[PDB]
């Protein structure tokens, strides 16, 4: 009983709004149905590997923080801090920003409206969700349970219908690698786009830490759950490629929306695209929930310059709203400057820079402190953490060399925190 319940959490937290929007960048970079469809498989394998390795350090440090504390505990207060600065300035705000744009993009697509009203709607949705979160967890949690229930209905309904489309079969995935989109250069632009749909697997640390006596069955739940997601993501892509194809999917910034309007001609496609807008909305809301945590955890130490104001938790709601206000504004900077794929690629390149440090950290720990209590230990010890790091190195090396400008905004904004760190370690906040 216990296991199945957790399993749900894995499936739940991983499944996002990615499948509904990312195929555009996936097949847009791959230029062939078969290359794209493998990027969805490799990303899933990369994250099962990443998941099982991170659960070890998650169990060595049972706490709801993670990477801020996984990395402080092996690399030092400085690396522990950087991840927070990165999460507060880049990762949470751009996730809010990207999904707010894609939400509004899909809003404009469904209610046929101007392609200028993307950005005003992206501001207002992010402004509205920050407000609703400052009201409390009454309304945020109301959105979340509604989002988690309804986000699975469009998928089942797309898989059944898509896999039964009349112009449908293996032939609908036949170009595997097209020479117009070279294999190795394009696969890295595709994997960085499939990974954003697997976003949220990172919280396996906080999950493993949270289990008492995990061991037998904690790895079953990480493998079983993420491979359910992986299977679901491969199935919906075959369904997409049955209706549309490589060049066609890249042709709209809303790929799943088009597939819906083919599979069900009428109001049926509306109920499916509504379901998609709920999936994206619930994303933004759920990112804010998790977002507020970081600037406050920084403010809990010296880490931020206005630590007094950042750490203020309002006695009516029990939340640090002030942290999220800085995050809201820098998301607005990002909604007005980048586009949805520019932002998804930031997020992957940046967080995967730190995610990798955490994998190496498990191996480091095995020699630093082999006698520390390990409630759970990574199975097939050297192999799988090394897999995670092999592909982890691949993504960071490729996005640098593919997107020099987008990688530099991640390198730049992370290192802007180094002057911030030595100011606030001497002055302690304000």
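Residue numbers count along the first chain shown, from 1.
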Hey, which bit's got the bigger mean C-alpha B factor in the entry, 387-395 or 56-64?
387-395
Tell me which stretch has the larger mean Cα B-factor in this entry, 291-299 or 165-173.
165-173
From 240, 111, 196, 91, pick the one with the largest CA B-factor in the entry?
111
Comparing recorded Cα B-factors across 276, 129, 184, 347, which one is largest?
184
Sorting the chain's modelled residues by C-alpha B-factor, tell me whether residue 28 ends up in the lowest, middle or highest third.
middle
Relative to the other modelled residues of the same chain, rank the CA B-factor of residue 78 and answer lowest, middle or highest third.
highest
Place residue 210 in the lowest, middle or highest third of its chain's C-alpha B-factors, as listed in the PDB entry.
lowest
Ordered by C-alpha B-factor within the chain, which third holds residue 70? Give me lowest, middle or highest, please.
lowest
What third of its chain's C-alpha B-factors does residue 264 belong to: lowest, middle or highest?
highest
